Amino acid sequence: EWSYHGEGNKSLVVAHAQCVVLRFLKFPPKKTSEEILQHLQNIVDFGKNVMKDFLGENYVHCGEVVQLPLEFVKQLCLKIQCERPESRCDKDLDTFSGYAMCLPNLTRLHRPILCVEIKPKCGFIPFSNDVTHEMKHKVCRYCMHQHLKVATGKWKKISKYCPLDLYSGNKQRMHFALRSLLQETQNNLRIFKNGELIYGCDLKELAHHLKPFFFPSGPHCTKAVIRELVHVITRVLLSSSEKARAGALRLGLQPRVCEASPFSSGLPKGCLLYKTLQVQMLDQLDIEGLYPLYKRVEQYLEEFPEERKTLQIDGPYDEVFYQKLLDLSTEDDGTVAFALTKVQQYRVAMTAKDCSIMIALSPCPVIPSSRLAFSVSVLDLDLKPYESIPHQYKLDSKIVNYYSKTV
C-alpha cells in the first residue's frame, strides 16, 4: 500500500498510492522515543512559526506529527531496502520509535500532473569583511564545491549550473541554469509525472514522457519538448502573487554575477526565489565570520549548561524565537546576546540554503500560458542544528583551499 518516494541523509519519504507521504528520520547502527518526538515536533513548530512568516502561508505546507504501529514500521522497512540507493544505505530507517511526519503529497495534488523539484542552493556570493580568502568574493559556494565532489567521486563531472544564474532575474540566464541542471542533475533536479520519478535519480527519454504534456499530430523534436519545460519553469519561478507588500526581511542585495559561471536588474518581489533569497541573506557575516561568535555562545553555555534549555537553543521555535531573529543590526557589542542572535539567524539561513522547491504543472486558478495550472511549494524546512556550525567552518576552508589549487 506504500511505496518508496526518495530520500536525503536526514529523512526518507514514502508515498501513499491512495495523497499523503511520510517523512521518516534515519540514524546509523541511537536516540530515545521521547527525543524523536521533540525533534519532529520542532520541525512542525519551526515551519509554521518561522518559515510560514518568511516565505508565505501557501508556499510552506506542513502536516502534523503521527504515531504508528511499530510492527508496521518494521514491515515497511524490509520492502524498501531494494529501492534505496547504495550511496544512502549507510544509515538505517527510524524503525524503533514508531513516530513519523505526514506531509501532503505535492506530486499528486484523470489529472495528468508534471512535477519539478529543484534544490537551488545558495543564491548570493558573500560580501562580509570577515572573509579571509579572496576567491570567496568572486565565486559562489556551489561552483567551488562542485570540484571537491567530482574529485571525491560523489558525481561523475562538473556542473555548469551556477545558482546566481537562477537567482538573477534574467530569463536567458535562468534558462541556461535550468538547461545546466538537466545536463547534470546530481541532487539538484528531479522530475516526476503522476507520482513517478522520471529523471534525476537520457535527455531524449525525458521528451517521451513530456510530449503528451506540452503537445497533447506532431511532429516535435526533443529540442522543442525540452525547451517548453525550461520556459514554463522559468515563468513559474518568476511568478508572484505579492509584488506590493513589504517582506519580513528587507535585506539589500549585496555581487550579481559569478566568475565561474560559463554563460553568455532582479527577481520579482513576491516570487518564492526572492523570498528564499532573503532568508539566506541572514548570514550577513560569513561563516568565518559567524564561527568566532559560535564559540562565544559555546563557552557561555559550558559555564552555564542549564542555560541551553532556558535560552531556547534547541527549542521551542515559537513566536518569541521568531521575534529574536528580526534584529538585523550587524555591529558587534561583545555580548553573548548579540552572538546568540547571529547563531540562530545563520542556522535559519543555512536551512533556506538547503531547501528544495516543488513546482507542480497540470491542465486544466493561476497559469503560465494548453494553459497549465501550477502550484509552487518549498521543502526540506527543518532547522539545522546548533551543533553542526563547527563542521560548516571546517568544510568552508576545504572547499576554498582545494578550489584555489585549481584556480
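All residue numbers are counted from 1 along the displayed sequence.
Gap check for residue 364 to residue 365: 4 to 9 deposited residues are absent from the model. The gap between residue 264 and residue 265 holds 10 or more unmodelled residues of the deposited sequence. Once the C-alpha B-factors are averaged per stretch, 192 to 200 and 76 to 84 rank with 76 to 84 first. Mean C-alpha B-factor is higher over 63 to 71 than over the other stretch, the pair under comparison being 50 to 58 and 63 to 71. When the C-alpha B-factors of 171, 147, 108, 324 are ranked from the entry, the top spot goes to 108.
When the C-alpha B-factors of 239, 335, 129, 280 are read from the PDB record, the largest value belongs to 129.
Among the modelled residues of its chain, residue 389 has a C-alpha B-factor that falls in the lowest third, as given in the PDB entry.
For residue 351, the recorded CA temperature factor ranks within the lowest third of the chain's modelled residues. The entry lists a Cα temperature factor for residue 370 that places it in the highest third of the chain's modelled residues.
Among the modelled residues of its chain, residue 178 has a C-alpha B-factor that falls in the lowest third, as given in the PDB entry. Per the deposited record, the Cα B-factor of residue 247 falls in the middle third when ranked against the other modelled residues of its chain.
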